[PDB]
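Note: hydrogens, waters and symmetry copies are ignored here, and every other heavy atom, side chains too, is used. Just so it is clear: chains get the letters A, B, ... in the order the sequence lines come, proteins before strands, and each one is counted from 1.
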Amino acid sequence: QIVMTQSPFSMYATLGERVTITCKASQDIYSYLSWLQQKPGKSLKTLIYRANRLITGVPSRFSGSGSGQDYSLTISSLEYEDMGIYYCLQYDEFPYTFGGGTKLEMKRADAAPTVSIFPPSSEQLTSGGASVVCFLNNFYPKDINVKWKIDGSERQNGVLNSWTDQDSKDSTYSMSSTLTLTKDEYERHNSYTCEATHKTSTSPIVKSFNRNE
Amino acid sequence: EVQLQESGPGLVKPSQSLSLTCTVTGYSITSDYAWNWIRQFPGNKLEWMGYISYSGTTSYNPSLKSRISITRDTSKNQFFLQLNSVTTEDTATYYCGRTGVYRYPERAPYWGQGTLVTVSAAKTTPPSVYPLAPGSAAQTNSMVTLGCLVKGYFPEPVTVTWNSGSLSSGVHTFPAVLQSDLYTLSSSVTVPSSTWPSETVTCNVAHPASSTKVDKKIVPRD
């Protein structure tokens with residue numbers, strides 16, 4: 001089978017900037033090459049066919065070139081709505097084969113997270129479970145750390161974390177951290193704290209509640 | 001001109017057959033083109049599975065040779081995928097599409113919307129939906145942030161909206177996490193302090209595999 005290799009695997013680009021990504025095939029594919037786009041959370045869409053033919057509805061700023069084994073896609077004047085994963089597909093020989101994808105993320109000014117902690121609902125407590133949730137919203141860059149303390153004591157297990165993709169409007173990231181305990185363990189302690197460490201501050205953002213208030 | 005729509009079950013057991021249908025409108029599948037199935041695995045890798053041409057001729061990825069069959073019903077303008085003896089590695093988002101059979105004139109590949117199929121032995125289960133309201137000792141800001149915890153469902157997906165889609169900005173939904181054959185996610189919305197609780201805020205949760213829709217009003221803690 002024909003191997004399609006895309007480079008780079010990942011990248012960051014400034015708004016307005018000219019971005020180029022490449023696809024290399026293991027053998028000549030006679031320009032029977034297409035580029036696809038997948039915006040975060042959304043379906044695959046074809047942008048280019050036969051190497052340099054733009055699909056109708058696709059903006060002028062996107063353009064494909066190359067021949068033989070070596071192909072590229074170029075965005076001029078990158079826009080917010082261009083973030084996502086780009087893939088290169090050869091339709092020259094069976095089996096048709098795809099590249100592994102290049103992820104394009106937007107570079108932007110740093111942002112501190114807006115942290116919220118939420119106690120368990122009484123509905124959930126009625127069932128014997130207790131989840132404490134913390135949102136760390138709209139921060140940049142993506143790297144961040146969250147720490148839970150229960151009556152001051154750091155908790156590692158019982159915690160599940162999840163990150164969004166870059167928001168398509170403000171290019172920020174968000175993450176949620178959820179501590180799930182039994183009702184019984186939850187009610188054995190007073191203080192629940194979520195602490196967010198981000199490069200934007202030397203000191204972490206601490207949010208807290210007490211069961212006895 | 002042409003439209004393509006995948007349909008079929010969202011959950012299949014290991015060792016059973018996975019079946020999907022593509023319904024084509026605006027173009028007849030007997031005139032020209034090749035009618036294709038591809039899939040995207042979790043982790044984003046993509047694979048071409050095969051096609052049936054406008055002539056009825058099939059081409060199959062050699063990686064799938066024993067297990068796959070692509071057929072068609074020309075009176076309904078549909079084509080079909082069957083993948084036998086599935087395992088959990090067949091969990092993927094399945095797309096139908098149209099490609100050019102002949103090199104000239106030059107045709108552009110065109111894909112459907114995709115449909116997720118999970119291969120698992122676990123039981124379909126609807127979510128429990130819980131409100132996320134701030135502790136009553138918490139501080140009012142300019143903006144308040146609320147949410148919904150959608151817990152203990154299977155399989156994916158779930159969609160969550162707020163006030164039936166009227167609240168769009170200041171909204172985001174976190175990817176689900178899988179524990180013990182059950183998924184959990186939450187969703188966050190941020191609106192002005194002046195507008196909640198005077199204006200009511202409701203998360204709408206839809207879980208298609210269980211045919212379930214739940215709406216939960218977020219009420220202040222006292």
Side-chain angles (χ1 to χ4, degrees), chain A residues 34 36 38 42-46 49 55-57 89 91 94-96 98, chain B residues 1-13 15-41 46-86 90-103 105-119 124 155-157 159 206-211 213:
Chain A
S34 172
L36 300 78
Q38 180 168 37
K42 302 158 144 213
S43 39
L44 288 180
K45 182 191 171 198
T46 299
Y49 73 100
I55 300 254
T56 59
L89 161 69
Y91 52 104
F94 295 130
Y96 302 158
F98 291 91
Chain B
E1 224 278 340
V2 76
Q3 306 309 20
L4 304 171
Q5 179 80 275
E6 305 84 354
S7 64
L11 176 65
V12 177
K13 292 178 157 122
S15 93
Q16 323 279 29
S17 292
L18 170 162
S19 292
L20 294 174
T21 300
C22 189
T23 298
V24 181
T25 47
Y27 193 92
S28 150
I29 63 177
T30 58
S31 317
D32 206 350
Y33 293 94
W35 309 86
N36 289 249
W37 291 96
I38 67 172
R39 61 182 175 170
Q40 179 168 58
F41 302 103
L46 289 157
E47 183 182 59
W48 179 77
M49 304 179 75
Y51 80 45
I52 186 163
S53 83
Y54 74 95
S55 61
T57 297
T58 50
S59 189
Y60 296 146
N61 188 324
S63 68
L64 311 173
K65 265 319 292 188
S66 55
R67 325 190 278 147
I68 179 173
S69 158
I70 301 176
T71 49
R72 69 176 173 169
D73 177 333
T74 60
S75 76
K76 305 171 183 175
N77 212 50
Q78 293 170 325
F79 62 110
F80 309 103
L81 173 61
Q82 191 170 326
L83 185 67
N84 293 332
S85 320
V86 296
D90 294 304
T91 294
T93 313
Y94 287 79
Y95 291 77
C96 61
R98 192 175 71 172
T99 58
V101 147
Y102 305 107
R103 282 187 209 91
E106 219 103 88
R107 315 296 195 179
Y110 181 79
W111 305 103
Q113 306 70 17
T115 187
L116 180 58
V117 178
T118 297
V119 174
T124 296
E156 289 266 66
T159 47
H207 180 235
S210 57
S211 302
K213 285 177 152 165

For this session: Might you work through the side-chain contact (heavy atoms from CB on, under 4.5 Å) test for B:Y94 and B:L18, ending with a clear yes or no?
Result: CA-CA 11 Å; B:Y94 287 79; B:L18 170 162; 3.6 Å; yes

For this session: Please assess B:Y54 against B:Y27 for the test ring pair (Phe, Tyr, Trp, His ring centres under 6.0 Å), listing each intermediate value before the final yes or no.
Result: CA-CA 11 Å; B:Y54 74 95; B:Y27 193 92; 9.8 Å; no

For this session: Quick one: do B:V117 and B:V86 satisfy side-chain contact (heavy atoms from CB on, under 4.5 Å)? Show the steps, please.
Result: CA-CA 11 Å; B:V117 178; B:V86 296; over 6 Å; no

For this session: Could you walk me through whether B:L81 and B:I68 pass the side-chain contact (heavy atoms from CB on, under 4.5 Å) test, one step at a time?
Result: CA-CA 7 Å; B:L81 173 61; B:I68 179 173; 3.6 Å; yes

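In plain terms, the two heavy atoms of B:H207 and B:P157 that are nearest each other are CD2-O, 3.3 Å. The nearest pair of heavy atoms linking B:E47 to B:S63 is OE2-OG, 3.4 Å. Of all non-hydrogen atoms in B:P155 and B:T124, the two that sit nearest each other are CD-OG1, 4.1 Å. The heavy-atom pair separating B:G8 from B:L20 by the smallest distance is CA-CD2, 3.8 Å. B:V12 approaches B:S17 most closely through the heavy-atom pair CG1-O, 3.9 Å.
When side chains are defined from C-beta on, B:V101 does not count as touching B:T57, because their heavy atoms never get closer than 4.5 Å. B:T21 is not listed as a side-chain neighbour of B:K76, based on a closest heavy-atom distance of 4.5 Å or more. Looking at heavy atoms from C-beta onward, B:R107 lies in side-chain contact with B:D32 at the 4.5 angstrom threshold. With contacts defined as side-chain heavy-atom distances shorter than 4.5 Å, the pair B:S19/B:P9 does not qualify. Inter-residue side-chain proximity for B:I70 and B:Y60 is flagged as met; some heavy-atom pair is nearer than 4.5 Å. Taking 4.5 Å as the limit, some side-chain heavy atom of A:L44 sits within range of a side-chain heavy atom of B:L46. Using a 4.5 Å heavy-atom cutoff, the side chains of B:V24 and B:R98 are not in contact. Contact annotation: the side chain of B:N77 never approaches that of B:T25 to less than 4.5 Å [non-hydrogen atoms, C-beta and beyond].
Here A:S43 contributes atom OG and A:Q38 contributes atom CD; the two are 7.5 Å apart, rounded to the nearest 0.5 Å. With rounding to the nearest 0.5 angstrom, the SG atom of B:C96 is 8.0 Å from the CD atom of B:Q5. The distance from atom OH of A:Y49 to atom CD of B:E106, rounded to the nearest 0.5 Å, is 7.0 Å. Considering NZ of A:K45 and CD1 of A:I55, their distance stands at 9.0 Å, rounded to 0.5 Å. Distance check, rounded to the nearest 0.5 Å: CG of A:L89 to CH2 of B:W111 gives 6.5 Å. To the nearest 0.5 Å, atoms CZ (B:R39) and OG1 (B:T93) are separated by 11.0 Å.
Between the B:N61 side chain and the B:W48 main chain, a donor and an acceptor come within less than 3.5 Å of each other. Using a distance-only test at 3.5 Å, with no hydrogens or angles considered, no donor-acceptor pair links the side chain of B:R67 to the main chain of B:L83. In this structure, the side chain of A:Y91 does not engage the main chain of B:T99 through any donor-acceptor pair within 3.5 Å. Remark: side-chain polar atoms of B:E6 are paired, donor with acceptor, to backbone N or O of B:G114 under 3.5 angstrom. Of the possible polar contacts, none joining the B:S53 side chain to the B:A34 backbone as a donor-acceptor pair under 3.5 Å is found. Under a 3.5 Å cut-off, the side chain of B:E156 and the backbone N or O of B:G10 do not form any donor-acceptor pair.
Ring geometry for A:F94 versus B:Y51: interplanar angle over 60°, hence perpendicular rather than tilted (30 to 60°).
For residues 63-83 of chain B, every residue pair satisfying the ring-ring contact (aromatic ring centres under 6.0 Å, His included) rule, not counting sequence neighbours, is listed here: B:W35-B:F79, B:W37-B:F79.
Partners of A:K42 according to the salt bridge (charged side-chain N to carboxylate O under 4.0 Å, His left out) rule, which considers only residues two or more places apart in sequence or in another chain, do not exist here.
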